[PDB]
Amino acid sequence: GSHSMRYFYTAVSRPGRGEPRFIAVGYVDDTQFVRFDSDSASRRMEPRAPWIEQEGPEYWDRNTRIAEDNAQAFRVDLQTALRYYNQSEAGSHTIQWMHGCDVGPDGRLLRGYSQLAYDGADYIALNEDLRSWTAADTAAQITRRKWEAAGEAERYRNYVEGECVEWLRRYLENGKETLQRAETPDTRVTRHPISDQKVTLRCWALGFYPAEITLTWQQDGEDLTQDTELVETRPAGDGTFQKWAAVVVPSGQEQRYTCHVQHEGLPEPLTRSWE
């Protein structure tokens, strides 16, 4: 029952087509609670969860300022990178930054992280100790030395150890209405005959939280080692998630096949067959 708080930042330069766009999204586990977008009508930080809109006006003001200040830093960060890599001023470019903290099942701090990327490629990451950096290339090493002189590692370490964790417990408690209870998946098995000899069995898992789930097919109660036809887990669009696994079986002997579902909301793994 580990919990996390995460912030995803995206800065995209668009030469000729105006100022660089800035997006920031806030996550507690798999729930998005806060949003910033430079192209948005309201240039401020916006609530996305029921338990976040509880917060006062100053909260929204400081968090707007925070993202707005980050917007400036990444604006020049894009300008610096063009020079580092001798890139043309004409092309679009991307910087990404994901930071955050995790708490343990007891409540105590488990992990902190701060990773960055230029044009999809790794650039600089704070080490697991929260004291050292790892640069990906020679340009990122110049960035590294500058950040070590500026004590950025020490300044983020204080935030994760102090503020980040403290706010996470707060959101969890205020959000235990939705956050601290896992939604158990609705599982069904459907039958689709392709021909008179064979038939597709589909294992549906719908309306679950969190996103993590394992669907495993079994014949005669024996596991299927090799890849099965399945889809990458997708959002239902209401906070819950969806996934299905499909196998081709001979018609008539559908009883010999069972779907084995592993999910956090389930105390014991759930077994499903064609009803």
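Each residue number is its position in the shown sequence, starting from 1.
Participant: Would 70 to 78 or 115 to 123 have the larger average of its C-alpha temperature factors, as given in the entry?
Facilitator: In the deposited entry, the stretch with the higher C-alpha B-factor mean is 70 to 78.
Participant: For the C-alpha atoms alone, is the average B factor greater in 216 to 224 or in 22 to 30, going by the entry?
Facilitator: 216 to 224 has the higher mean C-alpha B-factor.
Participant: Have a look at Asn174, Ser132, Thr138, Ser92 and flag the one whose Cα has the highest B-factor in the entry.
Facilitator: Among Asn174, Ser132, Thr138, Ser92, the PDB entry lists the largest C-alpha B-factor for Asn174.
Participant: Lowest, middle or highest third: which one holds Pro250 when the chain's residues are ordered by CA B-factor from the entry?
Facilitator: Tercile = middle for this residue's CA B-factor.
Participant: Compare the C-alpha B factor of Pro210 with those of the other modelled residues in its chain, then answer lowest, middle or highest third.
Facilitator: Ranked within chain, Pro210 CA B lands in the middle tercile.
Participant: Taking the values exactly as deposited, rank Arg6 by C-alpha B-factor within its chain and report the matching third: lowest, middle or highest.
Facilitator: Lowest third, going by the recorded CA B-factors of the chain.
Participant: What third of the chain does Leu230 rank in for C-alpha temperature factor, lowest, middle or highest?
Facilitator: As the PDB entry reports it, the C-alpha B-factor of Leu230 lands in the middle third of its chain.
Participant: Tell me, lowest, middle or highest third: where does the Cα B factor of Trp244 rank within its chain?
Facilitator: It falls in the bottom third of the chain.
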